[PDB]
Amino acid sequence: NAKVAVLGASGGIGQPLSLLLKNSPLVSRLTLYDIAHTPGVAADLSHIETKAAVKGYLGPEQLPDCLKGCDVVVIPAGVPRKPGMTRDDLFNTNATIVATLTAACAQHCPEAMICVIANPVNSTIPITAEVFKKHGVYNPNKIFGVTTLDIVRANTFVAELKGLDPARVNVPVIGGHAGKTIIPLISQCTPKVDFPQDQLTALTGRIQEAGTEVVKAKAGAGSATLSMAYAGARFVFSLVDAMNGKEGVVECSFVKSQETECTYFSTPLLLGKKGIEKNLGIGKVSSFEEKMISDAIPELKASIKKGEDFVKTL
């Protein structure tokens, strides 16, 4: 079974994400990293009656030990938004956080699956790749920008409008994770759904700005933590099931891609033992959906460039 490392385990996302991972029979070893509180979070989780052995590591001195033999590394670490902030306002802090932590992964568990939640994902994935490139252990099949929350939100909002059980809805979401770059493919939704354009546009904008909606609702107490923990655990479970030989596992994720002109893009991915087995690509989309893909590419390029430029300055 899998050894999973959580970098930033003591934060708002990290604690409940670590709880969901500990509850899973797919995990046998769970290592927790942060700069504060980890030993306490680990002692807490270690009492839970599941097989996953839990250990907390504190400070960069113990970071190498945390990473040894890891099959998957999830990185919820990062500063959350306050009302008013854009995801780009977090770029500077989260870029150096992701740069520092992915360097440690490249040095200590370069063969591991790397799942980045830290925002803005549209720049932090490029950063992760370039950091891995500079260490000479670059593998684009094992680096994932976790955009799963966008799919989870689309499913819920569609299900609510159509009176369906969200657990049986699937809405592909492509592009990236910002405004802007979030493209819900309602045309490719299962079960098949039918919305008027004004209702479709409202639904689309709702999915696009759902992160901001939660920031407003929290009124300065941060951004999505619990739903983000759910989405992160879902993606890790999908990846680990696939690594154990489960067939047909498809998740959208922001990865190194030659699907569009963007070197990085989020599409549905067939997962497996090497990570990305096959990029299933964008597929058949509406004219409305195609317009969005075109409007988003400009921003994606900037975000990719910004992230790549940041690594060169190091």
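Just count from 1 along the sequence shown to find any residue number.
On average the C-alpha atoms of 191-199 have higher B-factors than those of the other stretch, with 99-107 and 191-199 being the two compared.
As recorded in the PDB entry, 278-286 is the stretch of 278-286 and 54-62 with the greater mean C-alpha temperature factor. Of the candidates 157, 138, 144, 235, the PDB record gives 138 the highest C-alpha temperature factor. Across the options 73, 240, 182, 221, the residue with the most elevated CA B-factor in the record is 182. Ranked by C-alpha B-factor against the other modelled residues of its chain, residue 123 falls in the middle third. Ranked by C-alpha B-factor against the other modelled residues of its chain, residue 153 falls in the lowest third. When the CA B factors of the chain's modelled residues are split into thirds, the value for residue 33 lands in the lowest one. Residue 225: CA B factor lies in the lowest third for its chain, per the PDB record.
Among the modelled residues of its chain, residue 39 has a C-alpha B-factor that falls in the lowest third according to the deposited record.
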